[PDB]
**Student:** 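The structure's right below; bear with me while I get my questions together.
All values below come from the heavy atoms of this structure, side chains included, with hydrogens, waters and symmetry mates left out. First the proteins, then the strands, lettered A, B, ... as listed; each starts at 1.
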Amino acid sequence: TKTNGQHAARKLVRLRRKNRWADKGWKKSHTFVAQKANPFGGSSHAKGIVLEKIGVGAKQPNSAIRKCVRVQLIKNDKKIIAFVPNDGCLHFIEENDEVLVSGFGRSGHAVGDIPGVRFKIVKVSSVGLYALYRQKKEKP
Amino acid sequence: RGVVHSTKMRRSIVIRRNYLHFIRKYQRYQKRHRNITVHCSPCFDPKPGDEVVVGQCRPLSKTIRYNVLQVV
Amino acid sequence: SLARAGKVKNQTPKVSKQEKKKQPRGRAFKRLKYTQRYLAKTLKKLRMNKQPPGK
Amino acid sequence: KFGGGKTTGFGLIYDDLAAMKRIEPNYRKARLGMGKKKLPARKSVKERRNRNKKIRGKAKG
Amino acid sequence: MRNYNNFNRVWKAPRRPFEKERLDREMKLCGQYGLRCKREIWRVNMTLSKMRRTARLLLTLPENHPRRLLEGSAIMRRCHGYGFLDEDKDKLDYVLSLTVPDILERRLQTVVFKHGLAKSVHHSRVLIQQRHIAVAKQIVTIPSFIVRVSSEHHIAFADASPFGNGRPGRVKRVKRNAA
RNA sequence: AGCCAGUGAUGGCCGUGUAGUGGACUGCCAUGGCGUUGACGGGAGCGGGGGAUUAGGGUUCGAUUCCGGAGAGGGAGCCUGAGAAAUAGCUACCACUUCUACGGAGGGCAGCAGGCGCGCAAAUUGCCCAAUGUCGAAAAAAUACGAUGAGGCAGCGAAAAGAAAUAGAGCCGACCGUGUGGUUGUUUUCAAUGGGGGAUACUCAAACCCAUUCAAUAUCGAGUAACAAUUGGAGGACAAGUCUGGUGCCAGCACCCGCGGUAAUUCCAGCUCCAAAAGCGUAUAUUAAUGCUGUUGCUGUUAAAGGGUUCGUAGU
RNA sequence: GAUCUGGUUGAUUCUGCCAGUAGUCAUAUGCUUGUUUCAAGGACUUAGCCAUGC
Ligand SMILES: [K+]
Ligand SMILES: [K+]
Ligand SMILES: [K+]
Ligand SMILES: [K+]
Ligand SMILES: [K+]
Ligand SMILES: [Mg+2]
Ligand SMILES: [Mg+2]
Ligand SMILES: [Mg+2]
Ligand SMILES: [Mg+2]
Ligand SMILES: [Mg+2]
Ligand SMILES: [Mg+2]
Ligand SMILES: [Mg+2]
Ligand SMILES: [Mg+2]
Ligand SMILES: [Mg+2]
Ligand SMILES: [Mg+2]
Ligand SMILES: [Mg+2]
Ligand SMILES: [Mg+2]
Ligand SMILES: [Mg+2]
Ligand SMILES: [Mg+2]
Ligand SMILES: [Mg+2]
Ligand SMILES: [Mg+2]
Ligand SMILES: [Mg+2]
Ligand SMILES: [Mg+2]
Ligand SMILES: [Mg+2]
Ligand SMILES: [Mg+2]
Ligand SMILES: [Mg+2]
Ligand SMILES: [Mg+2]
Ligand SMILES: [Mg+2]
Ligand SMILES: [Mg+2]
Ligand SMILES: [Mg+2]
Ligand SMILES: [Mg+2]
Ligand SMILES: [Mg+2]
Ligand code: NA
Ligand code: NA
Ligand code: NA
Ligand code: NA
Ligand code: NA
Ligand code: NA
Ligand code: NA
Ligand code: NA
């Protein structure tokens, strides 16, 4: 119901400071804890090495194999799972290749029916995965 | 100008200034204060609760920059 | 199992694109679109892409 | 001037040829000829000056 | 790096990218005035917004305010000079009623077509771009040039153009060379 | 949730030191000084003028052109000087590091250009003092031309911003939908213009770009104008197909809802169509959407949320 | 521009979030690129290390 006092500025300032920690959006941007757990060091992209090609089953209502990959990041030696989009496009990737990884669209949240994947492959050997798919370039 | 707060040291007293600070976002005031140490001549005999007028002078000690000019 | 990757894309029969006269560009393109929609017909609701009946 | 038959510039007229040679900059004179010869490139002057910083006396010290 | 030349933007993209009503209205303007893209309409939208935002500020101010007397007469003079408003409207309340077509009619592309030097807005656009039109004996090749009322009776063919007092153009020159 | 005092913590007296005031410092004396109006400790961070988003109130960014501060691998000391605790000055140590005849002697790009490494991530080892300034025994010129990677100029540069091409006007024939006009198509004609090529030349320190011109007696050029527009989409949100093949819960799509097991409006393709366009997708951060942080302006019987009850200080 | 839309039910009216939408002299990456004017450009990580010339 709040004060409304005309000399109660201190009470109002203290009230807003305490109650601003109760929303996840404000807390996440001010806490430095999600940044440390983020495999990317607060960046939009990262480079890594391919360790293995794996198949991830889709969630229950759907039924498919999603053709993901396991990548170790160069900057801090963390392991993640990245999705490889588009038809085929797994034949362009080999073990020990160098890839560029970006996020999905939901800022660290898993998307679609893929269980726990929040990254996707963007470049391989510094050519461009979608360009290879449309045959505009050849893999070096 | 200020209010005498304590007269424990030798030839020195502490005065307190009370003022209101305006917070723009809430359009309201809040109370603040500041303590200042000044030099008092023996010709004055202030007691806590009194009102004094002080004037700036050259540095006289580590924290003293004012001198008592009048006791009301 | 990654044995089936690119199955449908490789299976699709290849059909080449057909060659046609080029369209106007720039201001001449907006003129063509405006003529199709508000000229060339005399309304007294228009469908931009209506298809012949099918199965 | 854009799309036209006009031009605008700046002009000076000196009282004597001797006065013109005394005051005009060298590059503006050289457009007419009658200019001083070109000095060597600044790079060569820089290297020679730096080499001379170790020598004393004659031999260009 | 110590460069102090200024620059700014002159247009803004609309919110709600897909409205059937706004899309239909904007297509009508493009075909009626022979414009190249939607950026030309949105450029006019920004200038109208700035004019109306200023007028709203002054009308809130009380009459015979020093700022209203100076700025109010300045904006009214600007609108009368460019032909947006007629001379009988002088209240500063008529600035708020300006519309997009009110400004699109003062473009040089539209004015050339109205005077009769061209057969259509598309013909008039290429005449201006090809250095054939002079406003006050000065060749103007910008279709978005905004014509003042004092210049409206001085538009004619340029003296350097083959349609004026110039030499024959490319087709005649090449034909004569081939002969 | 308490901080400060042996070895200065708060104040006093006589001094020392400084260019000068001062617990700045030596000796003696008293017990003071600060704190829930958040001291002490911890985390992020150079401060400001300002930028982004604009009903209003607000939220967020500011290493970076101007002003102020600090530093020159780390950290300490110092000479000369009117001014430095100076680093393209000196002295020593620590960490790195170069030449040697092995006795010894050197180094400091967070100046310009450039290299290695790091990373998602950022340009030439170019020309010039012509302009703007600084220093100086110094105007310019004449037997007789200061320096300046400060600065300017060009190269590279789809960070961002402004203007703007990719066609215009008709005849004929066959068609369109309203009901002698509005327009689509193929054989056609007839003017115009740049992108480009050049110059009596202009510009410029010189070169370049822009601008002028294709006779002034005397200057090249568009028809499939092959001088050929792209990037995303067509179930809903959200503008645009109940079209035709292939696949058959596979391959794949899908920010969300969802699509795919034999007639797929959603996958892979063809043809049409849509948006905006020399630009257009994707990722991460941030502002508005958000009256989902609410001073203006939220909610609390049952959806999340009134303390078990009284007394009661600071505060209002 | 003082503006909202899709998802909880056999249907209805709510609370509430997830998703959509516009900008950024805000960075990076992909496809594409005819003309002209004006411009930021090894800050982010490593106040990391430096051949050569000035
Ligand atoms: K003293
Ligand atoms: K001196
Ligand atoms: K100079
Ligand atoms: K089928
Ligand atoms: K609420
Ligand atoms: Mg001409
Ligand atoms: Mg810092
Ligand atoms: Mg700053
Ligand atoms: Mg930093
Ligand atoms: Mg900058
Ligand atoms: Mg810099
Ligand atoms: Mg220093
Ligand atoms: Mg260093
Ligand atoms: Mg030093
Ligand atoms: Mg140095
Ligand atoms: Mg450098
Ligand atoms: Mg001299
Ligand atoms: Mg001399
Ligand atoms: Mg410089
Ligand atoms: Mg541009
Ligand atoms: Mg082209
Ligand atoms: Mg040309
Ligand atoms: Mg399709
Ligand atoms: Mg659809
Ligand atoms: Mg629709
Ligand atoms: Mg998206
Ligand atoms: Mg089908
Ligand atoms: Mg917000
Ligand atoms: Mg609001
Ligand atoms: Mg409850
Ligand atoms: Mg109760
Ligand atoms: Mg039921
Ligand atoms: Na800051
Ligand atoms: Na400074
Ligand atoms: Na050193
Ligand atoms: Na870049
Ligand atoms: Na809000
Ligand atoms: Na429910
Ligand atoms: Na040109
Ligand atoms: Na050019």
Side-chain angles (χ1 to χ4, degrees), chain A residues 3 5 7-8 10-12 16 19-20 22-23 26 32 42-47 62-64 75 87 100 102-107 111-112 122-123 128 130-131 136, chain B residues 8-12 25-28 30-33 35 37 58-63, chain C residues 4-9 11-13 15 17-18 21-22 24-26 28 35 39-42 48-52 54, chain D residues 2 4 21-23 25-27 36 39 42 46 50, chain E residues 1-5 7-10 13 15-18 20 23 37-38 119 122-123 126 129-132 142 144 162 169-174 177:
Chain A
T3 324
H7 279 5
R10 175 138 39 221
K11 174 112 214 150
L12 294 169
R16 185 53 53 228
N19 278 274
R20 228 155 36 181
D23 43 352
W26 193 92
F32 268 157
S43 330
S44 53
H45 296 73
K47 212 171 302 218
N62 292 354
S63 197
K75 79 199 304 197
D87 214 330
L100 182 74
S102 91
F104 259 133
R106 301 185 59 177
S107 290
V111 335
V122 149
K123 288 176 73 162
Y130 189 54
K136 283 149 170 328
Chain B
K8 303 269 182 23
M9 317 153 252
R10 167 138 178 80
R11 300 226 174 125
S12 295
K25 172 180 202 195
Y26 300 96
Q27 306 281 301
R28 279 159 180 89
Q30 82 185 200
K31 266 155 83 173
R32 290 183 180 195
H33 78 86
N35 278 17
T37 294
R58 73 158 198 268
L60 296 182
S61 85
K62 179 178 200 268
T63 78
Chain C
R4 313 169 309 274
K7 156 160 138 38
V8 153
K9 179 132 166 41
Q11 241 175 342
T12 292
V15 176
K17 299 192 93 132
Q18 87 174 15
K21 178 143 180 283
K22 55 141 171 168
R25 328 258 188 231
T35 302
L39 270 23
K41 241 84 160 163
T42 326
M48 307 201 183
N49 197 20
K50 186 179 190 16
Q51 301 299 118
Chain D
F2 175 84
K21 284 155 134 50
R22 214 153 33 74
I23 311 178
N26 189 68
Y27 79 95
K36 276 184 230 173
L39 287 175
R42 211 164 63 120
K46 280 166 170 280
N50 280 241
Chain E
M1 152 206 50
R2 315 181 142 84
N3 201 299
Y4 301 106
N5 210 38
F7 58 92
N8 273 293
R9 90 214 196 209
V10 301
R15 304 198 48 133
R16 280 213 214 275
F18 303 111
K20 200 72 204 268
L23 286 177
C37 54
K38 307 270 180 118
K119 326 241 191 165
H122 305 280
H123 184 208
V126 306
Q129 185 228 328
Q130 282 162 24
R131 306 165 62 86
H132 289 311
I142 308 297
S144 32
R170 189 145 142 207
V171 186
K172 311 207 176 254
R173 181 160 40 82
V174 170
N177 270 62

**Student:** Toward the 5' end of RNA chain F, which comes first, D/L39 or E/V171, by nearest nucleotide?
**Tutor:** D/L39

**Student:** Do F/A150 and F/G149, which sit next to each other in the strand, have six-membered ring centres within less than 5.5 angstrom and planes differing by under 30°?
**Tutor:** no

**Student:** Would you tell me if any nitrogen or oxygen in the side chain of C/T12 comes within less than 4.0 Å of OP1 or OP2 on F/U247?
**Tutor:** no

**Student:** Closest approach to the side chain of A/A131, judged atom by atom: which nucleotide of F/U272, G/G30, F/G177 is it?
**Tutor:** G/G30

**Student:** When you check the phosphate oxygens OP1 and OP2 of F/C220, does a side-chain N or O of E/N177 lie under 4.0 Å from one of them?
**Tutor:** yes

**Student:** Base, sugar-phosphate or nothing for A/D87? Non-hydrogen atoms, less than 4.0 Å.
**Tutor:**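 Sugar-phosphate contact only.
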
**Student:** Using only side-chain N and O atoms of A/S44, determine if any of them is under 4.0 Å from OP1 or OP2 of G/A28.
**Tutor:** no

**Student:** When you compare F/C249 with F/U262, how far apart are their P atoms, in angstrom units rounded to a whole number?
**Tutor:**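 Taking atom P in both F/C249 and F/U262, they lie 8 Å apart.
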
**Student:** Given that F/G261 and F/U262 are neighbours in the strand, would their base rings pass a stacking test of centres under 5.5 angstrom and planes under 30 degrees?
**Tutor:**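 Ring centres or planes out of range, so no.
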
**Student:** Verify, without hydrogens or angle tests, whether A/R10 (side chain) and B/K31 (backbone) share a donor-acceptor contact under 3.5 angstrom.
**Tutor:**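 Looks like yes, one N/O pair under 3.5 Å.
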
**Student:** Is the distance between the six-membered ring centres of F/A5 and F/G6 below 5.5 Å, and is the angle between those ring planes below 30 degrees?
**Tutor:** no

**Student:** Pick the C1' atom in F/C280 and in G/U12, then give their distance to the nearest Å.
**Tutor:**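 About 45 Å, rounded to a whole number of Å.
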
**Student:** If the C1' atom of F/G233 is compared with that of F/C220, how far apart are they to the nearest Å?
**Tutor:** 47 Å

**Student:** Once you round to the nearest 0.5 Å, how far does NE2 of E/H132 lie from CD of E/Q129?
**Tutor:** 9.5 Å

**Student:** Mark yes or no for whether D/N26, through its side chain, and D/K36, through its backbone, hold a donor-acceptor pair below 3.5 Å.
**Tutor:**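 Flag set: sc D/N26 to bb D/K36 pair under 3.5 Å.
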
**Student:** If you go through the side-chain atoms of E/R170, does one of them form a donor-acceptor pair with the base of F/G194 closer than 3.5 Å?
**Tutor:**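 By the distance-only test, yes, there is a pair.
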
**Student:** Considering all heavy atoms of both residues, which atom of E/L23 and which atom of E/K38 are nearest to each other, and what is their separation?
**Tutor:** CD2-NZ, 3.9 Å

**Student:** May I ask you to evaluate whether E/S144 reaches the phosphate of F/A164, defined as a side-chain N or O under 4.0 Å from OP1 or OP2?
**Tutor:**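 Answer is yes, contact under 4.0 Å.
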
**Student:** Checking contacts here: which listed nucleotide (G/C38, F/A234, F/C253) is nearest the side-chain heavy atoms of A/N62?
**Tutor:**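 So the nucleotide nearest the side chain must be F/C253.
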
**Student:** Please confirm whether the shortest side-chain N or O distance from B/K8 to OP1 or OP2 of F/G32 is below 4.0 Å.
**Tutor:**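 Answer no for this pair, as no side-chain N or O of B/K8 is under 4.0 Å from OP1 or OP2.
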
**Student:** Mind checking if E/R131 touches a base, just sugar-phosphate, or nothing, with heavy atoms under 4.0 Å?
**Tutor:**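 Sugar-phosphate, no base atom in range.
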
**Student:** Once you round it to whole Å, what is the distance between P of G/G20 and CZ of E/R16?
**Tutor:**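 For the pair E/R16 CZ and G/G20 P, the rounded distance is 16 Å.
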
**Student:** For F/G173, which nucleotide is its Watson-Crick or G-U wobble mate, given both distances must be under 3.5 Å?
**Tutor:** none

**Student:** Can you confirm whether F/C127 and F/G17 pair in Watson-Crick or G-U wobble fashion, both distances under 3.5 Å?
**Tutor:** no

**Student:** Please determine whether a side-chain nitrogen or oxygen atom of B/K25 lies at a distance below 4.0 Å from atom OP1 or OP2 of F/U296.
**Tutor:**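 The answer is no; no side-chain N or O of B/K25 sits under 4.0 Å from OP1 or OP2.
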
**Student:** Taking only the side-chain heavy atoms of B/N35 (C-beta and beyond), determine which of F/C34, G/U21, F/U183 contains the nearest atom.
**Tutor:**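 Nearest to the side chain of B/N35 among the choices is F/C34.
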
**Student:** Look at D/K36 and F/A142 and indicate whether a side-chain polar atom (N or O) is within less than 4.0 Å of OP1 or OP2.
**Tutor:**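 Yes, such a contact exists.
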
**Student:** Ignoring backbone atoms, test whether C/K21 places a side-chain nitrogen or oxygen under 4.0 Å from the OP1 or OP2 oxygen of F/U186.
**Tutor:** no

**Student:** If you look at every strand shown and take non-hydrogen atoms under 4.0 Å, does B/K31 touch a base, only sugar-phosphate, or nothing?
**Tutor:**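 Counting heavy atoms under 4.0 Å across all strands, the contact made by B/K31 includes a base.
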
**Student:** When rounded to the nearest Å, what value does the distance between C1' atoms of F/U242 and F/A226 take?
**Tutor:**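 Here F/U242 and F/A226 have their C1' atoms 41 Å from each other.
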
**Student:** Is the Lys NZ or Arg CZ of A/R16 less than 6.0 Å from the centre of B/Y26's six-membered ring, within 45° of the axis?
**Tutor:** no

**Student:** Give the nucleotide from the list G/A19, F/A192, F/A44 with an atom nearest to the side chain of A/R106.
**Tutor:** G/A19

**Student:** Between F/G146 and F/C135, is there Watson-Crick or G-U wobble pairing, both distances under 3.5 Å?
**Tutor:** yes

**Student:** Just to be sure I understand the rule, does C/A5 reach a base, reach only the sugar-phosphate, or reach nothing, if contact means heavy atoms closer than 4.0 Å?
**Tutor:** sugar-phosphate

**Student:** Would you mind telling me which of F/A167, F/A283, F/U213 lies closest to the side-chain atoms of A/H45?
**Tutor:** F/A283

**Student:** Between F/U293 and A/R16, counting only base atoms on the nucleotide and side-chain atoms on the residue, is there a donor-acceptor pair under 3.5 Å?
**Tutor:** yes

**Student:** For G/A51 versus F/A88, give the span between their P atoms, rounded off to a whole number of Å.
**Tutor:**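 Here G/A51 and F/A88 have their P atoms 16 Å from each other.
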
**Student:** On a whole-Å scale, what distance lies between the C1' atoms belonging to F/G194 and F/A164?
**Tutor:** 12 Å

**Student:** Please work out if the bases of strand neighbours F/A264 and F/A263 stack, meaning their six-membered ring centres are under 5.5 Å apart and their ring planes differ by under 30°?
**Tutor:** no

**Student:** What heavy-atom pair brings C/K7 and A/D87 nearest, and what distance separates the two atoms?
**Tutor:**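 Taking C/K7 first and A/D87 second, the nearest heavy atoms are N-OD1, 4.3 Å.
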
**Student:** Would you say the side chain of E/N3 and the base of F/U65 hold a donor-acceptor pair, judged only by whether the two atoms sit under 3.5 Å apart?
**Tutor:** no

**Student:** What's the closest nucleotide to the side chain of A/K123 if the choices are F/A211, F/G32, G/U29?
**Tutor:** G/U29

**Student:** Determine: side-chain N/O of C/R25 to OP1/OP2 of F/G279, distance under 4.0 Å, yes or no.
**Tutor:** no

**Student:** To the nearest angstrom, how far is C/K41 atom NZ from F/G179 atom P?
**Tutor:**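 Those two atoms, NZ and P, are 14 Å apart.
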
**Student:** When we call it a touch if two heavy atoms are under 4.0 Å apart, what does B/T63 touch: a base, just sugar-phosphate, or nothing?
**Tutor:** sugar-phosphate

**Student:** I'd like to know if D/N50 reaches the base of G/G53 with its side chain, counting only an N/O donor and acceptor under 3.5 Å.
**Tutor:** no

**Student:** Would you please test B/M9 and B/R11 for side chain to side chain contact (heavy atoms under 4.5 Å, CB included) and show each step?
**Tutor:** CA-CA 6 Å; B/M9 317 153 252; B/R11 300 226 174 125; over 6 Å; no

**Student:** Between F/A211 and G/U37, how far is it from one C1' atom to the other, in whole Å?
**Tutor:**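 Approximately 13 Å lies between the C1' atom of F/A211 and that of G/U37.
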
**Student:** So, for D/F2 and E/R131, which heavy atoms are closest and what is the spacing to 0.1 Å?
**Tutor:**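 What the structure gives for the nearest pair is CZ-NH1, 3.5 Å.
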
**Student:** For the side chain of E/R15 and the base of G/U3, is some donor closer than 3.5 Å to an acceptor across the two?
**Tutor:** no

**Student:** Reckon B/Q30 touches a base, only the sugar-phosphate, or nothing at all at heavy-atom distances under 4.0 Å?
**Tutor:** nothing

**Student:** At 4.0 Å (heavy atoms only), tell me whether C/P24 reaches a base, stays on the sugar-phosphate, or touches nothing.
**Tutor:** sugar-phosphate

**Student:** Can you tell which of F/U212, F/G252, F/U37 lies closest to the side chain of D/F2?
**Tutor:**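 In terms of side-chain proximity for D/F2, the closest of F/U212, F/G252, F/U37 is F/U212.
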
**Student:** Output the single nucleotide from F/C120, G/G41, F/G177 whose closest atom is nearest the side chain of E/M1.
**Tutor:** G/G41

**Student:** According to a strict under-4.0 Å criterion, is C/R4 in side-chain N/O contact with OP1 or OP2 of F/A251?
**Tutor:** yes

**Student:** Given the cut-offs of 5.5 Å for six-ring centres and 30° for planes, are F/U21 and F/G22 stacked?
**Tutor:** yes

**Student:** Taking only the side-chain heavy atoms of A/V111 (C-beta and beyond), determine which of F/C256, F/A141, F/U184 contains the nearest atom.
**Tutor:**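 Between F/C256, F/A141, F/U184, the one nearest the side chain of A/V111 would be F/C256.
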
**Student:** Please classify the nucleic acid contact of A/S43 as base, sugar-phosphate, or nothing, using heavy-atom distances under 4.0 Å.
**Tutor:** base

**Student:** By nearest nucleotide on RNA chain F, pick out whichever of C/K22 and B/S12 is the more 5' one.
**Tutor:** B/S12

**Student:** If you check every side-chain atom of D/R42, which of F/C220, F/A211, F/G149 has the closest atom?
**Tutor:** F/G149

